[PDB]
$ cat final.pdb   # PDB, C-alpha atoms
ATOM      1  CA  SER A   1     -13.247 -15.738  -3.853  1.00  0.00           C
ATOM      2  CA  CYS A   2     -10.358 -13.673  -2.495  1.00  0.00           C
ATOM      3  CA  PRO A   3      -9.895 -10.190  -4.043  1.00  0.00           C
ATOM      4  CA  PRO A   4      -6.666  -9.917  -6.118  1.00  0.00           C
ATOM      5  CA  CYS A   5      -3.741  -8.110  -4.505  1.00  0.00           C
ATOM      6  CA  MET A   6      -3.191  -4.447  -5.331  1.00  0.00           C
ATOM      7  CA  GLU A   7      -0.474  -1.842  -4.909  1.00  0.00           C
ATOM      8  CA  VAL A   8      -1.370   1.177  -2.805  1.00  0.00           C
ATOM      9  CA  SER A   9       0.426   4.467  -2.350  1.00  0.00           C
ATOM     10  CA  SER A  10       1.186   5.678   1.153  1.00  0.00           C
ATOM     11  CA  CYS A  11       2.899   8.902   2.106  1.00  0.00           C
ATOM     12  CA  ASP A  12       5.076   8.933   5.190  1.00  0.00           C
ATOM     13  CA  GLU A  13       5.602  12.037   7.302  1.00  0.00           C
ATOM     14  CA  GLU A  14       9.110  10.913   8.242  1.00  0.00           C
ATOM     15  CA  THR A  15      10.858  12.574   5.318  1.00  0.00           C
ATOM     16  CA  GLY A  16       7.792  13.576   3.326  1.00  0.00           C
ATOM     17  CA  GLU A  17       8.035  10.963   0.592  1.00  0.00           C
ATOM     18  CA  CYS A  18       5.535   8.381  -0.583  1.00  0.00           C
ATOM     19  CA  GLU A  19       5.964   4.673  -1.252  1.00  0.00           C
ATOM     20  CA  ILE A  20       3.955   2.176  -3.265  1.00  0.00           C
ATOM     21  CA  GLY A  21       3.228  -0.958  -1.306  1.00  0.00           C
ATOM     22  CA  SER A  22       1.507  -4.141  -2.304  1.00  0.00           C
ATOM     23  CA  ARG A  23      -1.512  -4.693  -0.115  1.00  0.00           C
ATOM     24  CA  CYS A  24      -3.466  -7.903  -0.513  1.00  0.00           C
ATOM     25  CA  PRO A  25      -7.143  -7.925   0.576  1.00  0.00           C
ATOM     26  CA  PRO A  26      -7.580 -10.565   3.316  1.00  0.00           C
ATOM     27  CA  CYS A  27      -9.665 -13.699   2.987  1.00  0.00           C
TER      28      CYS A  27
END

$ encode --input "final.pdb" --output "structure tokens"
Amino acid sequence: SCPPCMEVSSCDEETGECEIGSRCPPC
């Protein structure tokens, strides 16, 4: 069974801010 999708937080160095992005575990 495929693991349910989740939102992860990633911080970019571009302007120093972080974004929450949905990342779905692959099958």

$ resolve_selection --input "final.pdb" --expression "the PyMOL selection byres ((chain A and resi 2) around 12)" --output "VMD selection string"
chain A and resid 1 3 to 5 24 to 27

$ resolve_selection --input "final.pdb" --expression "the PyMOL selection byres ((chain A and resi 21) around 8)" --output "list in words"
residues 7, 8, 9, 10, 19, 20, 22 and 23 of chain A

$ axis_aligned_box --input "final.pdb" --around "range 15-21 of chain A" --padding-each-side "5 Å" --output "lines of an AutoDock Vina configuration file"
center_x = 7.0
center_y = 6.3
center_z = 1.0
size_x = 17.6
size_y = 24.5
size_z = 18.6
